[PDB]
RNA sequence: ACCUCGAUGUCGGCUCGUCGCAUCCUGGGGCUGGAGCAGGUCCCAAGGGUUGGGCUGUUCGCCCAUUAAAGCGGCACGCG
RNA sequence: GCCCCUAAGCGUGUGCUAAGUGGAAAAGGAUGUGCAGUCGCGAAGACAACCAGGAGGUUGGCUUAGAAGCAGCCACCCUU
Ligand SMILES: [Mg+2]
Ligand SMILES: [Mg+2]
Ligand SMILES: [Mg+2]
Ligand SMILES: [Mg+2]
Ligand SMILES: [Mg+2]
Ligand SMILES: [Mg+2]
Ligand SMILES: [Mg+2]
Ligand SMILES: [Mg+2]
Ligand SMILES: [Mg+2]
Ligand SMILES: [Mg+2]
Ligand SMILES: [Mg+2]
Ligand SMILES: [Mg+2]
Ligand SMILES: [Mg+2]
Ligand SMILES: [Mg+2]
Ligand SMILES: [Mg+2]
Ligand SMILES: [Mg+2]
Ligand SMILES: [Mg+2]
Ligand SMILES: [Mg+2]
Ligand SMILES: [Mg+2]
Ligand SMILES: [Mg+2]
Ligand SMILES: [Mg+2]
Ligand SMILES: [Mg+2]
Ligand SMILES: [Mg+2]
Ligand SMILES: [Mg+2]
Ligand SMILES: [Mg+2]
Ligand SMILES: [Mg+2]
Ligand SMILES: [Mg+2]
Ligand SMILES: [Mg+2]
Ligand SMILES: [Mg+2]
Ligand SMILES: [Mg+2]
Ligand SMILES: [Mg+2]
Ligand SMILES: [Mg+2]
Ligand SMILES: [Zn+2]
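Protein chains in written order, with the numbering used here: chain Y, 1 to 192; chain R, 1 to 126; chain U, 1 to 136; chain P, 1 to 133; chain V, 1 to 37; chain H, 1 to 176; chain W, 1 to 23.
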């Protein structure tokens with residue numbers, strides 16, 4: 001797995017606080033904090049539009065090259081602050097990284113396939129935990145479902161992991177549960 | 001329809017022509033899929049009978065010497081690629097036009113020449 | 001009609017309506033969900049009406065999740081009585097819903113039918129609400 | 001130019017047949033006798049017959065082969081098809097019956113060869129849900 | 001001529017028009033003819 | 001707009017006069033008048049064409065452009081050829097006759113009914129049941145044809161009354 | 001109910017700044 | 001429980017009205033599971049009209065004959 | 001607060017609205033309109049419109065008087 005770093009421009013914040021953050025969000029700037037093993041907290045501001053586009057293109061766990069006043073720095077999107085209601089981006093958490101670093105990452109698992117018609121499949125574990133390399137973090141992990149019948153329990157173990165990818169979660173996690181499709185009678189019974 | 005699918009169709013139709021010895025261009029406006037499928041029974045034996053969009057064909061026809069068939073793309077384009085022998089497609093289309101009377105042959109091509117209805121009928125007879 | 005089996009205090013103050021939802025703000029079980037936009041109290045009957053509306057629509061298959069339980073009560077005193085003389089007696093069992101909360105959750109193959117079912121559900125609710133999927 | 005499906009040894013019912021093409025202005029008795037003669041030259045199969053109608057009311061009967069699903073129902077030996085295809089597998093069909101039905105429907109199909117007809121017959125048996133191996 | 005605060009295209013042949021500042025629905029079927037009011 | 005960017009050709013038997021925004025067209029069938037709106041500019045291409053132009057593509061300009069272009073086209077077509085509509089009636093004993101220029105109908109009412117052809121329009125009955133109307137103005141011809149059509153209430157059961165030829169009436173069956 | 005509407009709405013006068021005595 | 005207890009007379013009925021339309025009749029339309037006759041329902045429409053008796057203090061209600069119809073409401077549940 | 005009533009601005013610049021919105025109101029309905037943005041197809045000619053087709057298995061199986069692409073249920077298949 002070899003993904004390209006993404007190039008973003010950051011400018012160091014002049015003021016910090018709720019008023020400064022509201023003002024910065026007002027004119028299209030998103031506040032971010034760069035903290036890592038370098039033990040240097042940088043309060044930065046990013047273009048909201050371009051950052052959002054990069055996130056959409058390359059998921060939540062994207063590797064970034066930030067332009068701190070000419071300096072190109074490798075960072076990772078550790079956390080995002082989204083408004084519960086209007087789905088903005090409120091704040092960003094960025095972790096300094098050097099190449100060849102072991103990274104702990106939540107990666108979304110997507111269920112694809114054609115289950116048997118008398119089957120309903122429920123995706124129970126929304127996202128799974130991976131130890132990998134900073135330059136080689138998947139975007140999605142795929143689970144195929146074909147011929148799955150009766151109660152077919154897919155645990156965290158059965159997900160295929162590429163090279164350099166390590167499963168941190170306990171492999172018991174029911175990522176996908178295959179069940180009998182609820183009946184025309186069963187639906188009228190739950191909740192009463 | 002997307003441009004990639006059109007490019008793939010252009011390449012495939014070009015490839016099918018390079019495997020064809022000669023071609024016939026006809027008009028099908030005015031026939032149903034029933035008799036059309038019966039024709040694919042008749043023409044599917046040796047030759048190949050298909051239809052393509054003219055703007056797709058001219059990029060497919062610019063490949064070989066069927067660049068002289070650009071002027072026969074007027075009207076709905078039905079192409080008969082004669083692969084087995086030469087004359088089978090011409091006589092089969094002539095009889096299908098005699099029975100149906102709903103087909104008009106725009107022309108044909110082979111041996112470096114694109115040739116009109118009279119010359120096709122000659123080769124269809126010769 | 002979902003009624004809690006027992007409560008520690010059967011007569012309570014009104015659930016106060018300030019702020020936006022902190023928990024339950026994401027779709028967690030089904031493919032789709034309904035996100036609330038207003039502040040409200042939601043009773044038993046509204047929930048069962050919406051749930052039957054969904055069930056009638058999707059009909060055959062797919063499963064539904066209800067993320068909120070009407071466990072906070074509301075009392076009414078008998079009519080034709082003056083003010084005072086003690087608090088009333090409980091009648092109707094509600095839940096305090098704030099904007100951002102996810103009410104109903106659906107797992108169903110088809111997208112359009114799912115949206116239609118959730119729309120039928122929303123029309124039964126006293127508040128503005130919208131359909132939210134698990135995609136960001 | 002209409003179509004009906006009428007059984008082997010049966011003719012002249014009121015609901016399915018009589019008014020069906022009696023409102024098409026076609027002579028019913030001559031059709032009935034001719035189709036009956038032909039189908040007793042078949043001896044064995046419910047047949048779909050297509051009436052080709054003209055302006056002077058002269059009619060021609062198009063006798064296509066007995067229906068593919070009906071041919072598979074008589075092939076698998078069961079009187080009734082399944083209520084839940086691919087779930088309720090009432091009977092079984094073998095590849096040799098598949099080839100015989102493929103020949104008959106080749107006489108009825110647009111299929112150019114035997115294999116296409118066999119694939120069509122497999123689809124037809126699946127449509128009603130009888131196990132094909 | 002239905003008159004309702006809601007007007008919707010009952011069948012796909014229905015078309016929605018605004019005449020003289022009010023919204024109505026026109027269709028070949030006179031049953032589907034309705035007005036928003 | 002998109003229609004309003006197609007030039008209006010002037011046939012040889014046609015004469016055109018333009019006075020600012022006013023327009024007049026004279027041909028074998030007579031003379032007709034028209035006025036265009038302030039936003040729209042009108043020119044005559046010396047190649048025997050008419051050009052309708054707009055300065056802007058806002059709502060008023062876009063809407064008025066095609067309107068004015070089609071309107072002048074209809075105006076010239078009226079004095080070149082004219083306009084003809086056909087009527088044809090259904091029902092037993094439904095009577096149509098011409099008295100000079102005036103049209104008389106007997107559609108089942110106790111009394112017979114009359115309609116008067118206004119100036120610029122004429123009637124022609126060739127059958128007791130069907131006839132035609134000729135005129136210079138498309139709009140006036142359509143108006144009179146409509147008022148003729150309205151005379152008898154529509155019948156989905158037996159379909160009595162006047163009709164256009166091309167139109168088809170919906171019909172239900174009164175079963176009882 | 002008209003009168004209560006009138007008073008509660010004239011409370012919104014730009015001079016009253018959203019407050020008037022007696023609602 | 002905000003005016004009225006150094007007084008603001010309270011039910012039905014009679015006389016006299018005035019206004020609203022959320023129209024009972026008359027008028028104009030749309031749709032019909034509208035053949036016609038006769039209907040159903042929705043929209044527009046306040047010009048005019050909208051009975052006499054038996055029982056009840058009665059309002060109301062039932063009933064008897066009719067009428068095109070025998071509307072509902074506000075005006076201190078109008079008016080001592 | 002500044003057109004007149006009524007003292008002071010029918011003030012300047014850039015837009016927006018057609019509803020007297022301004023100068024009352026809900027769920028909800030809706031090709032009004034402006035700004036900004038995402039995805040599709042589009043000269044290899046897109047969309048609309050104008051002309052030709054949309055066939056065979058087959059009336060797929062159950063239910064049914066009936067069920068044949070078009071009360072209903074299951075799969076939702078195959079050739080030219
Ligand atoms: Mg508090
Ligand atoms: Mg939450
Ligand atoms: Mg919490
Ligand atoms: Mg609501
Ligand atoms: Mg409705
Ligand atoms: Mg009130
Ligand atoms: Mg208050
Ligand atoms: Mg007092
Ligand atoms: Mg006093
Ligand atoms: Mg007193
Ligand atoms: Mg009065
Ligand atoms: Mg009214
Ligand atoms: Mg009327
Ligand atoms: Mg009416
Ligand atoms: Mg009146
Ligand atoms: Mg008057
Ligand atoms: Mg009154
Ligand atoms: Mg009083
Ligand atoms: Mg009174
Ligand atoms: Mg009183
Ligand atoms: Mg007194
Ligand atoms: Mg008194
Ligand atoms: Mg007095
Ligand atoms: Mg002054
Ligand atoms: Mg000012
Ligand atoms: Mg000024
Ligand atoms: Mg000014
Ligand atoms: Mg106002
Ligand atoms: Mg409002
Ligand atoms: Mg809405
Ligand atoms: Mg078919
Ligand atoms: Mg059917
Ligand atoms: Zn309609």
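Heads up, the beta-carbon is just placed ideally off N, CA and C, and yes, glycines get one too.
#1: Consider the Cβ of residue 55 of chain U: report whether some Cβ of chain Y lies at a distance smaller than 9 Å.
#2: Could you work out which residue in V:28, V:20, V:3, V:37 is closest to residue 13 of chain V when comparing CA atoms only?
#3: For residue 129 of chain Y versus residue 169 of chain Y, is the C-beta spacing smaller than 9 Å?
#4: Can at least three beta-carbon pairs, one atom from the segment 114–125 of chain Y and one from the segment 90–105 of chain Y, be found at a separation below 8 Å?
#5: Rounding to the nearest angstrom, what Cα-Cα distance links residue 38 of chain P and residue 11 of chain R in this structure?
#6: Across which residues does DSSP place residue 24 of chain V in a beta bridge pair?
#7: So, for residue 106 of chain P: in the same chain, excluding its five sequence neighbours on each side, which residues have a beta-carbon less than 7 Å away from its beta-carbon?
#8: Measure how close the beta-carbons of residue 76 of chain P and residue 92 of chain P come, nearest whole angstrom, since I'm counting them as under 8 Å.
#9: Spatial neighbours of residue 35 of chain H within its chain, please: C-beta separation below 8 Å, excluding the five flanking residues on both sides.
#10: Which class does residue 73 of chain U belong to by DSSP, given the choice of helix, strand or coil?
#11: Taking a cut of 7 Å between CB atoms, which residues from the segment 28–54 of chain R lie near chain P?
#12: Which parts of the segment 45–106 of chain H are runs of the beta strand (DSSP E), unbroken and 3 residues or longer, counting only runs that do not cross its ends?
#13: Any Cβ of chain Y within less than 9 Å of the Cβ of residue 34 of chain U?
#14: If you follow the alpha helix (DSSP H) that residue 62 of chain Y is part of, which residue opens it and which one closes it?
#15: Give me the subset of the segment 70–94 of chain Y whose CB atoms are less than 7 Å from a CB atom of chain U, sorted by chain position.
#16: Going by CA-CA distance only, name the one from V:23, V:18, V:17 that's closest to residue 37 of chain V.
#17: Tell me whether the segment 32–50 of chain Y and the segment 2–22 of chain R touch, counting them as touching only if at least three CB pairs, one residue from each stretch, are closer than 8 Å.
#18: Among the candidates U:48, U:64, U:73, U:54, whose CA atom is the shortest distance from the CA of residue 7 of chain U?
#19: What first and last residue would you give for the beta strand (DSSP E) that runs through residue 130 of chain Y?
#20: Let's see if you can read the secondary structure: which residues bound the alpha helix (DSSP H) around residue 73 of chain P?
#21: Return the first residue and the last residue of the beta strand (DSSP E) that residue 100 of chain P is part of.
#22: Going by DSSP in three states, residue 157 of chain R sits in which element: helix, strand or coil?
#23: Decide if residue 55 of chain U is buried, meaning its Cβ has at least 16 other Cβ atoms within 10 Å, or exposed.
#24: Hey, could you find the ends of the alpha helix (DSSP H) residue 173 of chain H is sitting in?
#25: Check whether the segment 16–31 of chain P touches the segment 45–64 of chain P, counting contact only when three or more Cβ pairs, one atom from each stretch, lie closer than 8 Å.
#26: Please confirm if residue 151 of chain Y has its CB atom under 9 Å from at least one CB of chain U.
#27: Report yes or no: do three or more beta-carbon pairs, one from the segment 46–54 of chain R and one from the segment 75–89 of chain R, lie closer than 8 Å?
#28: Using a Cβ cut-off of 8 Å, which residues of the segment 95–115 of chain U contact any Cβ in chain Y, in chain order?
#29: Any residues in the segment 62–96 of chain U with a beta carbon nearer than 8 Å to a beta carbon of chain Y? Which ones, in chain order?
#30: As a quick check of your reading: which residues have a C-beta less than 7 Å from at least one non-hydrogen atom of ligand 5, in chain order?
#31: From the DSSP secondary-structure annotation, give me the bridge partner or partners of residue 16 of chain R.
#32: Residue 24 of chain R to residue 109 of chain P, Cα distance in whole Å?
#33: Apart from the five residues just before and just after residue 11 of chain V, which ones in its own chain have a Cβ nearer than 8 Å to its Cβ?
#34: For residue 100 of chain U, which residues in the same chain have their Cβ closer than 6 Å to its Cβ, ignoring the five residues on either side in sequence?
#35: Residue 69 of chain H to residue 2 of chain V, Cα distance in whole Å?
Here's the rundown:
#1: Chain Y contact via Cβ: present.
#2: Between residue 13 of chain V and the set V:28, V:20, V:3, V:37, the nearest pair of CA atoms involves V:28.
#3: yes
#4: no
#5: 52 Å
#6: V:17, V:35
#7: 114, 117
#8: 6 Å
#9: Counting only Cβ-Cβ distances below 8 Å, and skipping sequence neighbours, we find 21, 22, 23.
#10: strand
#11: 37, 41, 44
#12: 49–53, 83–90, 95–99, 102–106
#13: no
#14: No alpha helix (DSSP H) holds residue 62 of chain Y; DSSP gives it neither H nor E.
#15: 84, 85
#16: V:23
#17: no
#18: U:73
#19: 127–133
#20: Going by DSSP, residue 73 of chain P is part of the alpha helix (DSSP H) stretching over 68–75.
#21: Here residue 100 of chain P belongs to no beta strand (DSSP E); instead the alpha helix (DSSP H) covers 95–108.
#22: In the structure displayed, chain R extends from 1 to 126; residue 157 of chain R sits before or after that span and is not available.
#23: buried
#24: Run containing residue 173 of chain H: none; DSSP gives neither H nor E here.
#25: yes
#26: no
#27: yes
#28: 99, 100, 107
#29: 62, 63, 64, 66
#30: Qualifying residues, in the order they occur: V:4, V:6.
#31: In the DSSP output, where bridge partners are listed per residue, residue 16 of chain R has none listed.
#32: If you take the alpha carbons of residue 24 of chain R and residue 109 of chain P, they lie about 28 Å apart.
#33: Closer than 8 Å at Cβ, skipping near neighbours: 27, 29, 32.
#34: 20, 21, 25
#35: 37 Å
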